Amino acid sequence: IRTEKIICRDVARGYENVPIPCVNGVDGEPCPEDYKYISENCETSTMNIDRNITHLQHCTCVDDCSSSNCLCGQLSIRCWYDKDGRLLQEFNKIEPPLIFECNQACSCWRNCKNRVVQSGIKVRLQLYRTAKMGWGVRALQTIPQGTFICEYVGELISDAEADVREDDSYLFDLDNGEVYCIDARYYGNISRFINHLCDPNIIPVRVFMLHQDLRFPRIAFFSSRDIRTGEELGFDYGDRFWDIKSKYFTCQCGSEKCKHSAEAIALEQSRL
Amino acid sequence: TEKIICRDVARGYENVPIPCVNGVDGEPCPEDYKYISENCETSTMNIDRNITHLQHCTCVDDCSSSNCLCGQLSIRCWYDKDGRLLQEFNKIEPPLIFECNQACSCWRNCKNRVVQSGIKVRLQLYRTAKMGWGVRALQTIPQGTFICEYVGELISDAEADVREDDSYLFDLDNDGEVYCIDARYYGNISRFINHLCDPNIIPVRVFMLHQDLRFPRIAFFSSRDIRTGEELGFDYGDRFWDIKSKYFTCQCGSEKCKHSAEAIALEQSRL
Ligand SMILES: CNc1cc(C)nc(Nc2ccc(OC)c(OCCCN3CCCC3)c2)n1
Ligand SMILES: CNc1cc(C)nc(Nc2ccc(OC)c(OCCCN3CCCC3)c2)n1
Ligand SMILES: C[S@@+](CC[C@H](N)C(=O)[O-])C[C@H]1O[C@@H](n2cnc3c(N)ncnc32)[C@H](O)[C@@H]1O
Ligand SMILES: C[S@@+](CC[C@H](N)C(=O)[O-])C[C@H]1O[C@@H](n2cnc3c(N)ncnc32)[C@H](O)[C@@H]1O
Ligand SMILES: [Zn+2]
Ligand SMILES: [Zn+2]
Ligand SMILES: [Zn+2]
Ligand SMILES: [Zn+2]
Ligand SMILES: [Zn+2]
Ligand SMILES: [Zn+2]
Ligand SMILES: [Zn+2]
Ligand SMILES: [Zn+2]
């Protein structure tokens, strides 16, 4: 009875390396427009990010930064990107290390091997209307394990500002006393529409590029396994989110392994 | 003879490569500076990057209409449909340009985004006969075309005041309390552009991703048609020549030259 309609040829309005279309084959919900699409983190009130170019640790490489003498690699133990820009198979997917990409202070060229996240989105993604979870994001192509997908982009806000945001649905915690969040509620990119999955296929990794202010890592999603075409993308939102939200709604991810469904929570409340 | 001694002085940081040739002498490709493609800071400048402070448009076309708010913040959008300054653009007294930004409703490829889109023309760093390194066009360039930005280290008046080398400074005209770009230590292709008494490019103040009026970004546009091989240059202005004249004199070689040893002698000797 109902057709899949294409309702936006590019929700990023041309701001990404590729267009991100939106389709809806499920209901009458038109293209989401209660937010401003931005491709890189914004600020409302000042974050006082340390941008002093002299504070950048940087490499003195004269090659494409594949030697273990690259200081940038060394700051993360080693450079973790293979030759096609994908995380090495031994990459710690459980506790990813901080990645330091090469920056404007490095001697190397813009096209060295240590610049994956800064080069932006390469895989083809689609915003689509899911059965039970509002909008979601899926792959239009297969994506090998360890490939960079997109960054979690938003408005940088302080601990205190987060405390009083009305909607807490789109917060990402920036990990390291004085702490900050990304809030994608009013300003965000394609990643604000990525759903929680109890069986995730992407992991967030903290990355530094043009600054190395440790209060403000940038959050890069990489696939944690090969992803088949058409699969929904999803990461583990984590307990902070679910401890709060569990009483308003439960997880609809549909996995055998789901630990946040109405069923999982009732089995748990009773196993206690 | 004239050999290519760097394939790209910008190390792939620009949209296009900028080669270095030397057919005049034995000087190697300059390297006493760090090539950057965007302005940098050393000491903190606190640029206002509050997205809510951005004046922005509500267009859902390509921003060609006179109703584009961003266009009006400079009387009119000054760019034709090919991204060139209008013929009637005030080349003597250029107004402030406000390009579209991340707060505008429009698309990234609207018509009000010329400078933020980067270098498009083919430029070359070459060795000149008499003024060290210079920059020249490797193609014809019509009047009103964006060439490159003057990129460097943002610094205060006080800091400029104590800089040993004052050869690479650009004043950011502003209200109260003023800043400079110093391209001495950190710079892009434009640090190599020489002064000409018969100039073929002009600097324009432009705002893009922020609108902190202390820190306009400086875009060079051609002020007439330029032929392949022509040296680019602008008028450095009296402030530079006043300081510099007692050290060296203008070698631009134009009959209009007003800063040569000769021209300076004829004025001292009208006194
Ligand atoms: C309240 N004051 C604060 C203050 C600080 C520093 N952090 C937080 N974090 C936080 C609060 C509520 C959350 O959930 C309702 C939450 O979820 C993070 C994981 C789920 N996100 C959803 C999309 C991006 C990832 C984080 N809240
Ligand atoms: C000393 N304290 C200052 C302080 C401030 C606010 N401005 C300046 N400006 C300045 C000083 C010396 C200069 O020249 C010797 C000069 O040249 C302006 C134009 C020449 N530039 C050369 C490359 C780009 C254009 C500007 N100096
Ligand atoms: C970051 S937004 C994800 C995009 C969201 N689907 C939308 O339509 O905007 C997070 C919100 O999506 C919904 N959501 C995400 N993952 C879910 C899940 N596994 N089960 C149920 N609802 C989920 C909840 O409304 C949650 O607060
Ligand atoms: C911003 S740099 C331009 C690049 C410089 N030619 C170089 O080789 O690095 C300015 C300096 O270039 C030289 N210069 C530029 N225009 C000149 C001119 N018209 N006559 C003589 N020297 C000039 C002077 O040394 C001046 O202080
Ligand atoms: Zn390196
Ligand atoms: Zn590198
Ligand atoms: Zn490096
Ligand atoms: Zn689940
Ligand atoms: Zn507009
Ligand atoms: Zn605009
Ligand atoms: Zn526009
Ligand atoms: Zn002259």
Side-chain angles (χ1 to χ4, degrees), chain A residues 1-4 6-42 120-143 147-155 167 169-172 182-197 200-202 204 219-223 227-235 237 249 251-254, chain B residues 51 56-63 100-110:
Chain A
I1 295 196
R2 183 162 228 141
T3 70
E4 204 186 73
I6 299 171
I7 59 182
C8 190
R9 69 189 188 273
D10 188 5
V11 303
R13 298 184 339 282
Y15 268 86
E16 304 285 8
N17 291 323
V18 290
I20 301 167
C22 179
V23 294
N24 187 344
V26 163
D27 64 35
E29 194 62 25
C31 194
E33 288 190 41
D34 60 61
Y35 77 104
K36 176 66 172 166
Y37 193 106
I38 52 176
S39 56
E40 90 172 17
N41 287 333
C42 66
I121 300 178
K122 286 315 165 81
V123 318
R124 305 290 316 255
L125 294 176
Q126 188 198 61
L127 182 62
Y128 79 112
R129 192 64 167 169
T130 69
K132 323 203 82 163
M133 293 188 243
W135 302 108
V137 179
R138 68 189 162 186
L140 295 176
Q141 64 181 66
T142 59
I143 305 164
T147 308
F148 172 60
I149 306 289
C150 50
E151 181 179 336
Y152 196 91
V153 165
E155 186 184 356
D167 185 346
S169 287
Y170 291 98
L171 291 170
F172 203 105
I182 310 173
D183 185 11
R185 163 62 185 88
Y186 299 105
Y187 304 91
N189 77 344
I190 187 47
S191 76
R192 75 191 296 280
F193 290 109
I194 298 173
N195 284 317
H196 166 93
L197 287 180
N201 57 12
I202 69 193
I219 298 304
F221 295 112
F222 290 82
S223 53
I227 296 174
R228 297 158 300 266
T229 294
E231 270 197 65
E232 176 162 19
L233 298 180
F235 62 105
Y237 282 7
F249 59 79
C251 182
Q252 298 297 336
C253 80
Chain B
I51 196 182
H56 64 273
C57 69
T58 59
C59 313
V60 294
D61 64 353
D62 66 354
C63 293
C100 290
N101 55 64
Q102 60 283 38
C104 301
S105 305
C106 57
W107 284 52
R108 177 50 177 86
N109 70 314
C110 80

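In the text below, chain A, chain B and the rest are named by the order of the sequence lines, each starting its count at 1. Atom set for the values below is all heavy atoms of this structure, side chains included, hydrogens, waters and symmetry mates excluded.
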A:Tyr37-A:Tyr15 aromatic ring centre distance below 6.0 Å: no
Has the side chain of A:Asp183 got a donor or acceptor atom that lies under 3.5 Å from a matching backbone atom of A:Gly154? no
Applying side-chain contact (heavy atoms from CB on, under 4.5 Å) to A:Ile190 and A:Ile121, what does each step give before you reach the verdict? CA-CA 10 Å; A:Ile190 187 47; A:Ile121 300 178; 4.2 Å; yes
Answer yes or no: is there a donor N or O on one side and an acceptor on the other, between the side chain of A:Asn24 and the main chain of A:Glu29, under 3.5 Å? yes
For the backbone of A:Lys36 and the side chain of A:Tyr186, can you confirm whether one donor and one acceptor N or O come within less than 3.5 Å of each other? no
Keeping B:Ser105 on the side-chain end and B:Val60 on the backbone end, is there a donor-acceptor pair under 3.5 Å? no
Below 30° counts as parallel, above 60° as perpendicular, anything between as tilted: where do the rings of A:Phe172 and A:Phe221 land? perpendicular
Mark yes or no for whether B:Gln102, through its side chain, and A:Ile38, through its backbone, hold a donor-acceptor pair below 3.5 Å. no
Flag this pair as yes if the NZ/CZ of A:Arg192 is under 6.0 angstrom from the six-membered ring centre of A:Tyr35 and inside a 45 degree cone about the axis; otherwise no. yes
Given side chains that start at C-beta, do those of A:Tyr152 and A:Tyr170 come closer than 4.5 Å, heavy atoms only? yes
Main chain of A:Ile202, side chain of A:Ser223: is a donor-acceptor contact present, judged purely on distance under 3.5 Å? no
Side-chain donor or acceptor of B:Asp62 paired with backbone N/O of B:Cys110 under 3.5 Å: no
Residues, nucleotides or ligands: over 12 heavy atoms within 6.0 Å of A:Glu40 CD: no
